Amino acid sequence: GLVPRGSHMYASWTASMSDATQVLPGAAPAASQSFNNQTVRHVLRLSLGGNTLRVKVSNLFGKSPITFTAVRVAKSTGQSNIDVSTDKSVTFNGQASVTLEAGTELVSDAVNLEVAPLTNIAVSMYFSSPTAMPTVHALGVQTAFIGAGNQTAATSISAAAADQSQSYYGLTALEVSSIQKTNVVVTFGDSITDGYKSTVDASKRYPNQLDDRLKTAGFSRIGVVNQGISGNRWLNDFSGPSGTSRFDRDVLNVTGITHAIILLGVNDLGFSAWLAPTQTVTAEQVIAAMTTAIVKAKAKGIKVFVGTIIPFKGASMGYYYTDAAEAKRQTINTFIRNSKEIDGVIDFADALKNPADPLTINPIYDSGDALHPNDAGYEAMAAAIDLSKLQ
């Protein structure tokens, strides 16, 4: 009959936040990016359409407050260009400017802009004052455009091409309202979820390609949002807050989450040979972290799927991949494949392994570093997922 008319917000796009100033033990300090009377125009692909939207901004890892002098949204027409007829002010309790204390995040008022699934919008932020922005999504696989002054409502960003970035600055979710029954699938993981080595500005991350399959099958109301962080580990900070510490924020608290696909751990194994030798962890310690995350998500009624760790022999041999890392990978994958607690396994390892040698990634899917898939490998990851799982 008539769908009940109650409207609700759903996460349509997400980006997990990291602290750009955090470094490995023993490393030299790292400086954050800063803006000073400048506008950053981000571009993002919506998984879910609807009638209104709201923007979640973040100062989660700031050391001082930041003030967003203006935030605006518009439909993207490619590169930095917008459809000015769709430009809208984004307000916060009715105010165009808003200050976030260090360690806080904030979702905006609803914006009356009707949007369609798998379309790009631009979210533009003006910082009038000197603004340190350590709170980033570091590897966005998407161009952002930076210009002088308040260009948030401009048709395009007038600036030098060297003033482009591929990060997201203090922008962490974009939620869209609908009266329809809606599923939200959160892909949680590291660079292989984030989409490192997929084509920039092409929406070829594995969760994008999974989203394409869903919409092609007719499921416009099953959304896929990306909570990957390139370099992320279950058990230790860097890159990004540890998987265990961020699971509540980046999975359990995603608006409308119904399903999660967890793919994490290869960096726990690979970082200890050389990047972080004081942070050697066992497969059993990784499994314990995974267990607590699974328990928490199931307690909230979320469907929990766990992916097997894809083969990575050849990835900086002796300095990332090691025999110890392979042994731990085996133990973890055996645990995943035999677990009675998870709702299902997604055997990415089986899907992407080399038929000629199961310890290596299939050469046709290898970006070149023996660890990260290329676009075809991310397509193969998405193709391996039974869409019945996401219903």
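Residue numbers here begin at 1 and follow the sequence given.
Judged by mean Cα B factor in the deposited record, 368 to 376 ranks above the other of 10 to 18 and 368 to 376. Mean C-alpha B-factor is higher over 339 to 347 than over the other stretch, the pair under comparison being 324 to 332 and 339 to 347. When the Cα B-factors of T278, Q285, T143, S178 are read from the PDB record, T278 comes out highest. Across the residues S203, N183, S85, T131, the deposited record lists the maximum Cα B factor for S85.
Ranked within its chain, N59 lands in the lowest third, by CA B factor from the PDB record.
When all modelled residues of the chain are sorted by CA temperature factor, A30 is found within the highest third. Among all modelled residues in its chain, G78 ranks in the highest third by Cα B-factor.
Split the chain's modelled residues into thirds by C-alpha temperature factor. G149 is in the lowest one. Sorting the modelled residues of the chain by their CA temperature factor places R249 in the lowest third.
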